Amino acid sequence: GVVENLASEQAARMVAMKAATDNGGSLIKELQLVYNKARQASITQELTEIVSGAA
Amino acid sequence: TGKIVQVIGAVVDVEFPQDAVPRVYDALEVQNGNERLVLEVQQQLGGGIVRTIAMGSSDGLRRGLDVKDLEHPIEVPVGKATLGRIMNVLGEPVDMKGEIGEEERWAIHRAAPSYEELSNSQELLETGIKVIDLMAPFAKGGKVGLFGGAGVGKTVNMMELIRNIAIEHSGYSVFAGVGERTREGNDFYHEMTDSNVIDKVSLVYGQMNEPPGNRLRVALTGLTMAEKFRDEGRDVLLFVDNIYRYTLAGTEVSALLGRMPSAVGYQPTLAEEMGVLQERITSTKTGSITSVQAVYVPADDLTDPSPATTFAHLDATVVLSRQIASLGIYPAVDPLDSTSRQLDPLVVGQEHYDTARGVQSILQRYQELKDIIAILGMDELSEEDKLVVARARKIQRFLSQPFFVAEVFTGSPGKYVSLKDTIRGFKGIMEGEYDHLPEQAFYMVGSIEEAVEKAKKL
Amino acid sequence: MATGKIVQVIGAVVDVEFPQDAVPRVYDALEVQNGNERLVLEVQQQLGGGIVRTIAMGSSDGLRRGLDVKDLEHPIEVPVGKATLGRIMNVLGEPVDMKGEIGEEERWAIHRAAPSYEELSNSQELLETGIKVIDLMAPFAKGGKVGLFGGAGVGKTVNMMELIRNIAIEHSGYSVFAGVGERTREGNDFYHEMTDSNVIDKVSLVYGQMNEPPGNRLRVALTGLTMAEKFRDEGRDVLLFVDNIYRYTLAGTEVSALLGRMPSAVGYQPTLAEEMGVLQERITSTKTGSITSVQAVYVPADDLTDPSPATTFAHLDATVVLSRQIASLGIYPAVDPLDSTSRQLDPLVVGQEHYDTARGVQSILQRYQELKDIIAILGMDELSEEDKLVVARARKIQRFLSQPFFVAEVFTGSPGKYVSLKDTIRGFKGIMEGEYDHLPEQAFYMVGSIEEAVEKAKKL
Ligand SMILES: Nc1ncnc2c1ncn2[C@@H]1O[C@H](COP(=O)(O)OP(=O)(O)O)[C@@H](O)[C@H]1O
Ligand SMILES: Nc1ncnc2c1ncn2[C@@H]1O[C@H](COP(=O)(O)OP(=O)(O)O)[C@@H](O)[C@H]1O
Ligand SMILES: [Mg+2]
Ligand SMILES: [Mg+2]
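Residues numbered from 1 in each chain as written, not as in the entry; some residues may be left out. Chains lettered and ligands numbered in written order. Part of a larger assembly, values for the part shown. Heavy atoms only, no water.

Method of determination for the deposited model, per the PDB record: cryo-EM, at 3.1 Å resolution.

Note the following rule: UniProt positions are given in the numbering used here, feature names are shortened, and annotations may be inferred rather than shown by experiment.
Chain C goes by ATP synthase subunit beta in the PDB entry, where it is assigned to Escherichia coli. The title field of the PDB entry reads "E. coli ATP Synthase ADP State 1a". What the UniProt record of chain C gives under Catalytic activity (unreviewed entry) is the line "ATP + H2O + 4 H(+)(in) = ADP + phosphate + 5 H(+)(out)".

The PDB entry lists chain A under the name ATP synthase gamma chain, with Escherichia coli as the source organism.

1. As for the site of ligand 2
All names here are of chain C. This is how the line gets drawn: Definition of nearness: a residue and a molecule or strand are near each other if at least one heavy atom of the residue lies within 4 Å of the molecule or strand. The definition of a polar contact used here is a pair of N or O atoms within 3.5 Å, where within protein one atom must be able to donate a hydrogen and the other to accept one, and adjacent residues in sequence count solely through side-chain atom pairs. Accessible surface is estimated by sampling points in the Shrake-Rupley manner with a 1.4 Å probe; for residues, cover comes only from the protein chains shown. Runs of H or I in DSSP of at least four residues are treated as helices and runs of E of at least two as strands, each being numbered from the N terminus. Basically, the charged four are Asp, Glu, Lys and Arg, the nonpolar ten are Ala, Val, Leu, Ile, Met, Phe, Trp, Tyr, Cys and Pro, and anything else, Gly included, counts as polar. Here the bounds of each domain stem from an automatic or database domain assignment.
Around ligand 2, the neighbouring residues are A152, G153, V154, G155, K156, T157, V158, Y332, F405, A408 and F411. One of the backbone N or O atoms of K156 is found 2.5 Å from an oxygen atom in ligand 2. When isolated, ligand 2 has an accessible area of 550 Å², and the protein chains bury 73% of it. A total of three residues in the shell around ligand 2 trace back to one element, the largest contributor, which is helix α2 (residues 156–170). Residues that form the shell around ligand 2 fall into these classes: seven nonpolar, three polar and one charged. Of the residues that make up the shell around ligand 2, three or more belong to each of domain 2 (76–344) and domain 3 (345–460).

2. Quick notes on the coordination of the magnesium ion (ligand 3)
Residues and elements named next belong to chain B. Put simply, the rule reads: A donor here means any N, O or S atom no more than 2.8 Å from the metal (3.2 Å for Na, K and Ca); water is not included, so a site may seem to lack partners. Categorising residues by exposure relies on relative accessible area from a 1.4 Å probe, with only protein chains included: less than 20% of the type maximum marks a residue as buried, more than 50% marks it as exposed, and the intermediate range marks it as partly exposed.
Every protein donor of the magnesium ion (ligand 3) is listed here as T155 (OG1) and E180 (OE), and their distances to the metal cover 2.2 to 2.8 Å. In this pair, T155 sits in the loop between β12 (143–148) and α2 (156–166) while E180 sits in the loop between β13 (173–178) and α3 (182–193), placing the two residues 25 residues apart along the sequence. In this structure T155 comes out as partly exposed when scored by relative accessible area, which is 21%. The class of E180 is buried, set by a relative accessible area of 5%.

3. Re the site of ligand 1
Residue and element names in this part refer to chain B. In the vicinity of ligand 1, the residues found are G151, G153, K154, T155, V156, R181, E184, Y330, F403, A406, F409 and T410. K154 places a polar main-chain atom, nitrogen or oxygen, 3.0 Å from an oxygen atom of ligand 1. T155 places a side-chain nitrogen or oxygen 2.8 Å from an oxygen atom of ligand 1. Compared with its free state, where it exposes 560 Å², ligand 1 has 79% of that area covered by protein. Considered class by class, the residues forming the shell around ligand 1 number five nonpolar, four polar and three charged.

4. Some details on the packing of helix α9 (residues 347–378) of chain C against helix α10 (residues 387–400) of chain C
Residues and elements named next belong to chain C. Put simply, the rule is: An axis is simply a line fitted to the C-alpha atoms; with a helix, the fit covers only the stretch in contact. Between two such axes, the angle follows the N-to-C directions and lies from 0 to 180 degrees. Any angle between 65 and 115 degrees counts as roughly perpendicular, while under 35 counts as roughly parallel, over 145 as roughly antiparallel, and the rest as oblique. Handedness of a helix crossing follows the sense of rotation of the near helix relative to the far helix, less than a right angle counterclockwise being left-handed and clockwise being right-handed. Contacts: residue pairs with any heavy atoms within 4.5 Å of one another.
Direction vectors running N to C along α9 and α10 enclose 120°, while the axes themselves pass 9 Å from each other. With respect to α10, the element α9 is oriented oblique. Crossing of α9 against α10: the hand is left-handed. Seen from α9, the contacting residues are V361, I364, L365, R367, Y368, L371 and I375; seen from α10, they are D387, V390, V391, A394, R395, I397 and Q398. Here the contact of α9 with α10 is built from residues that sort into 10 nonpolar, one polar and three charged.

Structural data, given as structure tokens:
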């Protein structure tokens, strides 16, 4: 029983880490939308603060 | 006596004789075709030129038209005769009834009451809404603000507060609709009239159809009426339907007035424009104004300058959020961001205060776990963190309530929950005495007994 | 006579118009009577006909239009030489210590051209500072530059005080301290510490305090540089301490914004990388003498990447990064051994002995970083017999890098210790070879030299 429980533990850890790696990959693609939106926002704000200060 | 010399959008330039030039904030009058247009002067430029904003549609204005200098600011009817009637920004009647039989007219530009006159009042005010008066209770004579993006429920909440306070309250009441839908102003006008409370409410409307001058000045008119009722010795309710449109209408006009832009394109005078309004809406020794203000948050960004500079002017701030409304949990109040000046042990008592702080503590601990729950799933949690998560989700459900004004949306009938009856329920959920019920037993119910019942029926 | 007149005043920016025969040049100094007082202006731009735009080197209040302005036909020029040792001076070379006139023979203009690439000479003589971790992990040669990077409260200023004290006492070398944007509280503490430690007579100080207009805070680095250059021409080896490069760049940004130049990357002036080079290129060892420099540089919000620290990296020869975590565990000088670095740390210059000791220490600490997180989970008894040895030796090495400074005695009462480089290498090389495996860890804490660890172990 102990050895079977150990093999079962290894199998469950394998599948749980599979699930966690997919959950991390699916979160990179949310963080990148946030990052792109912030990149664009900073470019716009900076360039407007320059051009609108002139003259 | 004056001549128009420029017309840019909503701002008009007028040239007067050297010695006849109007004062700031005076009102001028033009005959725009078969119409009479009112201009309010903003600035005195050099040489008898004076720059104005048009309180009307700017189209059709030629250069060289003759404008007449009325020698006084914009003045609006005020007092008991303005009661139960709809009014323009210029104080003109806009319902189809006759003229307003007012005895007195006041200028809409005034100084705020002196520091010596203010008054302070801990008298708590009950609203039958669980979240608002657990987390962010407010007092008679205080200011409340409802912060939220677009479409999250900060008008439904204001109509429920109107229902729960302004029908069960004796004094007069005022409603200013600044830059919002005319459909909803009509719906409100008829909801009042078809229940005979209309004749104790005064209405002013500057809705979103109208050019910038109207949306810019229509808030000061509602304030002037409320201040007249305050000075008579009464106590008043003042509801402002979206105060964000009062500064956006300033941003629209600002660049044409020749002022350099500031942080995110906002006028450079944003904080002063906002303060010189928010400062005259306060209670005083002679009478009190209780207010509720809806405060739109652009792009859901709570750090935008316009919301950011408003938080300092309110006593109770109720922050609605989209990431909760999209769970179907209404009212979508965020309890980790709502707050009140009145939440002290010395004001609400140790038990109310302690329940509120425990609820914030649980929901915050639940926020901290969401990233590990998202990566590693819920089974890696300590055996007592699973319990924190279960009670946090139960508390998130129980914060929901069915409103009487939201029957049209969901069918289910409204509920009224008293304070004594909500702190008891939350103390129960926190102490663990309802751990055997399912989450859904708590969604959209009244007091805790209705949850204990709904569990029987699944 | 006074040929000019003021025509505008807008804050710190003053416009003066001269007859077109006698327009001042750029960087010339003007002078005006600001009431019962004297104010000097520095010309920045010749714009238009006879008109000149300037920065006031003082408070602008009280200036009228139409006052008479007189042009000193030379840049701002300051006293130099031995006369300045032990004195405090503002950007204009006037004493702010109330000890009276300076007594200088000679005055030099603070604007001058850097050495040509053929006048230089490259000599690899390492400085000896007396601080264990710096001498070992970040050696720097004469004529080179060192940067003390870190956040706030980590020790940049007291580390510079300690370096000054050692250089002045144990090597009798002159020094110059340029307080670019200096907090007067720390400037006074520095003055009283230098005079109490009895080193003031070999330092000359320049303070541009924070309460002064941007022009004062900007030009102070050049005054300190000019004094250090005068000492170099005499054939000496001097050492120039700049109290914060971050505030040099901020003063440059403000001065730029006042003159209305169109800003750049994150609000910084356009000329940022040119100002930094105008400064850092005059600090070099020429065949006649040598200027060494050590420079504190605040990193705002820990990011090492915004233009202010990012641009200075191009000029440094060694970098010592100070960490508030290390400082909070109480091991001052709070230098991180793993991230600090040097361009001189290679065998051909420091010899194989020093190089191998340094790399061995870094390797032991890097391994202890690995073992920390196994010790946390599995407990320590699951480590090998050898790994428990790496752990004990890494902990001893980590204690031994701390040292009691002479200038820190005011904070802790402990007397300071100066440690020669031979003792440093010998001590670390002994610890890494198991020579001292029998002493307790705390025997090495704040102990200075290795021979004082064996003394301290007897008392524990
Ligand atoms: N208590 C509630 N029950 C159900 N739906 C609600 C409730 N409160 C608000 N809503 C929903 O919120 C939506 C947003 O409406 P509204 O409050 O007018 O937004 P806004 O605040 O921008 O005017 C409504 O269409 C309504 O369906
Ligand atoms: N070697 C040290 N010994 C004792 N205290 C120190 C030491 N280094 C720094 N400190 C503490 O740090 C404080 C400020 O250090 P300082 O070097 O001025 O920081 P910064 O680098 O931000 O200027 C000092 O007041 C002192 O209390
Ligand atoms: Mg609305
Ligand atoms: Mg410092």
